[PDB]
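Below you'll find only one chain, the form deposited in one PDB entry, shown as structure tokens.
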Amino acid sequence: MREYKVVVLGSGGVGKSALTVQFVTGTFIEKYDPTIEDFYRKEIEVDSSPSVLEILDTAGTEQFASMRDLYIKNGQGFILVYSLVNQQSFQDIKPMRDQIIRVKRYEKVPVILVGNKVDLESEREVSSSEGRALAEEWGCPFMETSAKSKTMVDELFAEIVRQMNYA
């Protein structure tokens, strides 16, 4: 069976686990449980191709950045998450693409930039077009999601598998 290794990266609270847990189970996690490291496996049909996604839900907690170089080496596609209601989390995501490329040593790593928490449109600190621009300087897809939408999360993970197939 083909198998894809995806690392979900970002700062604390942005919604990494709520996005991953919505893909894997169809449920929205409301109670913030800070994450050390968690692996999930889910059989995916993208373009009608049956594969496995193995998903690495990292910690955005400052200490575990020691591990990040191992995660980047052991991983094929990367979902880079910011919360659009927190512009510091948008700022924390910009060095991370280039950190991905120092370890991988080539330019075209399959990445997607995600502005999560779009359902909280009142609280928005980061505009669509700031993210949209970052994604195009980075040459990657851009999505704004709400971990509350099964449909929005599903498209995110299906597009990471499409990205790992035209890499």
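So that the term is clear: the rigid core is the largest set of C-alpha atoms that superpose within 1.5 Å between two forms. The numbering used is simple: start at 1 and walk along the sequence shown.
Chemist: Per the record, averaged over C-alpha atoms, which has the higher B-factor: 112-120 or 99-107?
Modeler: Between 99-107 and 112-120, it is 99-107.
Chemist: Using only C-alpha atoms and the B-factors in the entry, which stretch averages higher, 42-50 or 131-139?
Modeler: Result of the comparison: 42-50.
Chemist: Out of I29, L56, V126, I36, which one has a C-alpha B factor higher than all the others in the entry?
Modeler: Each of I29, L56, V126, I36 was compared by C-alpha B-factor; the highest is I29.
Chemist: Is the Cα B-factor recorded for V161 in the lowest, middle or highest third of its chain?
Modeler: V161: CA B-factor falls in the middle third of its chain.
Chemist: Split into thirds by Cα B-factor across the chain's modelled residues, where does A167 land: lowest, middle or highest?
Modeler: Its C-alpha B-factor belongs to the highest third of this chain's values.
Another form, the form deposited in another entry, is not on view; read the next lines as being about it.
Chemist: Return yes or no for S122: a CA shift of at least 2 Å between this form and the one not shown, with the rigid core superposed?
Modeler: Not so; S122 is displaced by less than 2 Å.
Chemist: Just checking, between this form and the one not shown and with the core aligned, does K108 shift 2 Å or more at the CA?
Modeler: Yes, the C-alpha position differs by at least 2 Å between this form and the one not shown.
Chemist: Is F64 among the residues whose Cα moves by 2 Å or more between this form and the one not shown after superposition of the rigid core?
Modeler: Yes; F64 is a residue whose C-alpha shifts (by 2 Å or more) between this form and the one not shown when the cores are overlaid.
Chemist: Mind checking the CA-CA distance of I100 and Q63 in that other deposited form? It differs by 3 Å or more from this form, so is it closer or farther?
Modeler: Note: Cα gap between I100 and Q63 shrinks in that other deposited form.
Chemist: A 3 angstroms or greater change in CA distance between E107 and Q91 is reported in that other deposited form. Closer or farther than in this form?
Modeler: Farther apart, which means the C-alphas of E107 and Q91 are at least 3 Å more distant in that other deposited form.
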